[PDB]
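Taking it in order: structure first as structure tokens, then the write-up.
In this analysis, Cβ positions are derived from the backbone assuming ideal geometry, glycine residues included, and neighbour counts consider all displayed protein chains. All of this is worked out from the model, or read from it or from the source named; these are not laboratory values.
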Amino acid sequence: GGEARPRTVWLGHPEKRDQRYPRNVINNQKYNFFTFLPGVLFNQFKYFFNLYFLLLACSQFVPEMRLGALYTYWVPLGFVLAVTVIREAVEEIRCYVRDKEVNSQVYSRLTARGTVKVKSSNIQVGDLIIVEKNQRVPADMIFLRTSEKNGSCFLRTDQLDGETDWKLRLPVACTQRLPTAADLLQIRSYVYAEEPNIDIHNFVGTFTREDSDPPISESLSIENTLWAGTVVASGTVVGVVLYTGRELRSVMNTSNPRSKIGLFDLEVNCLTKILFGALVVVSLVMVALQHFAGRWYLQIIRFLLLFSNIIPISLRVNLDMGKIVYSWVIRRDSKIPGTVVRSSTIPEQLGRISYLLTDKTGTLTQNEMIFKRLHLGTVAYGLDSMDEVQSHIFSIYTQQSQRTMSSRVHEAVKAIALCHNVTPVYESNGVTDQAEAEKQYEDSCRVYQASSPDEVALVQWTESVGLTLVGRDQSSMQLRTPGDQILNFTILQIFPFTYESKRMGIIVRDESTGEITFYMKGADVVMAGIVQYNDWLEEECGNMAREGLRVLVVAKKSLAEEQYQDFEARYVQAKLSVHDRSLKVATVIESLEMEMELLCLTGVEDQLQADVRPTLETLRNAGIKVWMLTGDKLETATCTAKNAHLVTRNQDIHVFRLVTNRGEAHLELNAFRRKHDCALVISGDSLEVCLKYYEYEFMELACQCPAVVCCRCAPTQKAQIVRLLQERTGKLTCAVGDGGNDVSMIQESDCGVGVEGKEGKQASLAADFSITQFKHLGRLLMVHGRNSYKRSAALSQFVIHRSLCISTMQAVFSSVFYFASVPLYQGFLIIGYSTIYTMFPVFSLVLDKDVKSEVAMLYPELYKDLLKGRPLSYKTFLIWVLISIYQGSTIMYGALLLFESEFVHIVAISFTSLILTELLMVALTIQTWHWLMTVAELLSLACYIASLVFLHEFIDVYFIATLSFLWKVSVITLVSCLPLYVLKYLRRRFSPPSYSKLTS
Ligand SMILES: [Mg+2]
């Protein structure tokens, strides 16, 4: 991993290299065979609460500190180590199997003796790889040759940069003109490529041909590249591989997989630190009552060993079992089918999410644009009134051979059918060959191709209404009428869309009539003054924009012949001149853009995924702030944000202007600060300046917005936003995405959720949790995350309370017997209470729910209570500490008072009291009873009875079987469980929880 260097890549010669290149393998594994065991062990024992029981078990190797048999502390430790190793290994094997599917995709490779199939993982730098239509590009390549006659290809890059526009790509000019694809190996040529980097949108390189009579050299840009993760829209392309594996542009925009620890586990770690300090103090006090007799330091260590008992190990065992249960429940849920849990150790993170950072393309939307509204001023046609438009077109073209509303509809539809840059592409379907279909205009074989998906949606709608674009060229268009006739239009001038002009125009001549028409189409901001005076463009454009529609204004100018020649002369003259050609050309173009007849407004929607709006409403009502981070353009992002109700219909939107330096950023931040309840829409270029100079101020202003949209955001910028939110808020973040540009922020977040993309899987493979639909997020957070958090809290508090009750009982036991370090419990009792005695009543707890799932979904305000840290805090910890001390004191001192023999049977008395006490605990803590709770408690009681009968070392069964013993132990337990009844009464009434009464 040294300095990246530029490379010379010979075409078809992977061996002609001066460096070993990485294998073309995508890897999401945290470890390999060598680092697995050290990595897992260090990630476990670098925290205090694992090293705690490690050292407790290790100190038993010293006989002076020995409190019993060696296995008493190593059978539970062996169980813990086996569980963690097996869990990590299973996760690693699942990751490997899931990466094998992407790495084993098959491609064709150009070889000297013919094309040879190659797996994606065996592709080397210098290979000539063939990628078919709708197939993912497996490695970074230079476009060399395409089978399509136009000598170009379209790429879908939404998995690479989240952009909905299709990218036009051009092959190397020399290689495209070769007679055959086999000629690539017959020429001496190489590509001089730059060093690998994270720049997805810029490439510098040179193509050289050496065997040519004149030395052929050609400059390369991003227009000649096919990066891995892009999809070929049409035709089979041939490329030469430049980068593979970890040097891929998409891979270099990702970080290494890391082990994530939840915030709940860190809180339990802090609790264990506090408990250890407290027990250290207690041991210092307890050996002081010995008057430091003998080896006082050995006494300190022995008392620390006794008072810890099962505090760290039982916590670990029960928390691990609970996390297994939570992941099992999530994976089996049929209301969020297909959910995959990769990070099984952090399901409680989903219960405490404050910021949701979401992707746009492919995550909120289906990446399928559709025509929605045709507005003609007096009449507007929606999805339910398209038969009216079809009837108008049909009547026009029927009465043609055998103003009115039909004429206006026809004018609008023809303008939509003509003013675009969409090309029909015909492909053979077996029955009809492409040449046959391209001449007969076969409907089933036709596909519409353009850079803009909005234009493709418009052309598809126009076909569905009666006018079909059936052929195109650089100088001609063909339309098919409902009477099956063909109308030919000569394209005289074309004014392609630019993101600066925000409009597109075309001049055509109708060969049937000879009339010359100038059509223009663009945004309302630039087309409000280009069209003639009206009274509805602004209002209806605003209404359509408020619904989340992409609005275009379509205008028309009928040109006389002399006018067209006069314009054409000046346009040619301005084009020929090289002295500021752009400005003169622009002036000549806008010489025509005036007093244009307004035809219609068009509305195209980027279709959201199912139940996106209710899910966003639920997340907002749960107290979660949602930010949209997208690589797509500003207009599309704003339209989708309004469509998905990320921004409320009446909400103010402040679009951050482009800033380039410190002063501009300061001025615009002030301008935004002067606003209230305003959503922020900012671009990545201005966001870069703001985070460079005013990170604190920008973060403080953005965290008080109702919603934030970051468009044209690079993967590193998304990760930076996630990291900055974590740093400056101290709260948890969830990143949701579907593409490779979302991997960095998914890894950066406290809880990564990856949506399974249509044409990519990297985000799902790299995420902690994988879902198939964005709507599953609502249930995954409100039900499973909330239950995981609350169950883990109750689990951990119960385990700590039991351990501290045992500790207080041991303290009283030692005090009774001259403050000696004699264990109260030893042998199988310690092992059982560490592992098996504890798993049953707390499995009963991991089955518990405070409310039903439907109630949790219906009332998201239950989530905001968890966002306050209510389930576990220092408050509840202190109350449980006091309760444990009270119960241990009550049990020990009641045994002292009631049993005539002081402490000879104290082990049996305390064991029976603890058994009945935990039965009363589980009976009084559970809120929604489950039959498996009864089964588990029956199993626990069976285990307790089996231990009582078979443990003759410290239990005398014939002493237990006595009415005197029975009533004494019953009274002790009833007195000890007073705080249980107090807490149960406070929960039942006189302080009702908010989750119970809200239903009715
Ligand atoms: Mg995406």
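A compact table of results
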quantity	calculated
Count - residues of the stretch 832-854 that are within 19 Å of residue 804 (Cβ to Cβ) and of a type in the set (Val, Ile, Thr)	3
Pair list, Cβ < 7 Å and 6+ apart or interchain, from the stretch 216-229 residues that are more than 11 Å from residue 143 (Cβ to Cβ) to residues that are β-branched (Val, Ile, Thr) and assigned to a loop (DSSP other than H, G, I, E, B)	218/172; 228/137; 229/137
Those residues of the stretch 601-652 which are of a type in the set (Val, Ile, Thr), more than 16 Å from the ligand (Cβ to nearest atom) and crowded, with 16+ Cβ neighbours inside 10 Å, in sequence order	602, 604, 615, 618, 624, 638, 647
Selected residue (only one of 185, 170, 160, 178 is within 16 Å of the ligand (Cβ to nearest atom) and assigned by TED's automatic domain parsing to the domain that holds residue 144)	160
Matching residues in the stretch 723-741 - criterion: being under 19 Å from residue 700 (Cβ atoms) and within 15 Å of the ligand (Cβ to nearest atom)	none
Test: residue in the stretch 567-580 that is small (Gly, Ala, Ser) and surrounded by 14 or more Cβ atoms within 10 Å (Cβ to Cβ)	yes
Residues located in the stretch 941-987, provided they are farther than 23 Å from residue 925 by Cβ, of a type in the set (D, E, K, R) and part of a helix (DSSP H, G or I)	968
Residue within the stretch 136-157 that is within 16 Å of the ligand (Cβ to nearest atom) and in a loop (DSSP other than H, G, I, E, B) present	yes
Hits in the stretch 700-731 (condition: touching a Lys or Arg at 6+ places or on another chain (Cβ under 7 Å) and either more than 22 Å from residue 666 (Cβ to Cβ) or not in a loop (DSSP other than H, G, I, E, B) (or both))	701, 711
Hey, residue 665 within 16 Å of the ligand (Cβ to nearest atom), part of a helix (DSSP H, G or I) and crowded, with 18+ Cβ neighbours inside 10 Å or not	no
Lone unmet requirement of (1) in a helix (DSSP H, G or I); (2) closer than 22 Å to residue 350 by Cβ; (3) within 16 Å of the ligand (Cβ to nearest atom) for residue 753	(1)
Residue check for residue 712: over 19 Å from residue 619 (Cα atoms) and either within 16 Å of the ligand (Cβ to nearest atom) or among the small types (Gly, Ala, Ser) (or both)	yes
Residues of the stretch 577-625 classified as part of a helix (DSSP H, G or I), charged (D, E, K, R) and not assigned by TED's automatic domain parsing to the domain that holds residue 498, total	3
Residue among 769, 819 that alone is away from the ligand (no atom under 16 Å from the Cβ) and surrounded by fewer than 24 Cβ atoms within 10 Å (Cβ to Cβ)	819
Any chance residue 373 is charged (D, E, K, R), under 23 Å from the mean Cα position of the chain (by Cα) and surrounded by fewer than 24 Cβ atoms within 10 Å (Cβ to Cβ)	no
Enumerated strands (runs of 3 or more DSSP E) restricted to the stretch 464-540, each holding at least 3 residues that are surrounded by 20 or more Cβ atoms within 10 Å (Cβ to Cβ) and under 45 Å from the mean Cα position of the chain (by Cα)	468-472, 503-510, 516-522
Filter pass, residue 195 being touching a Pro at 6+ places or on another chain (Cβ under 9 Å), more than 16 Å from the ligand (Cβ to nearest atom) and assigned to a loop (DSSP other than H, G, I, E, B)	yes
Breaking point among (1) within 10 Å of the chain's Cα centre (by Cα); (2) more than 13 Å from the ligand (Cβ to nearest atom); (3) assigned to a helix (DSSP H, G or I), for residue 745	(2)
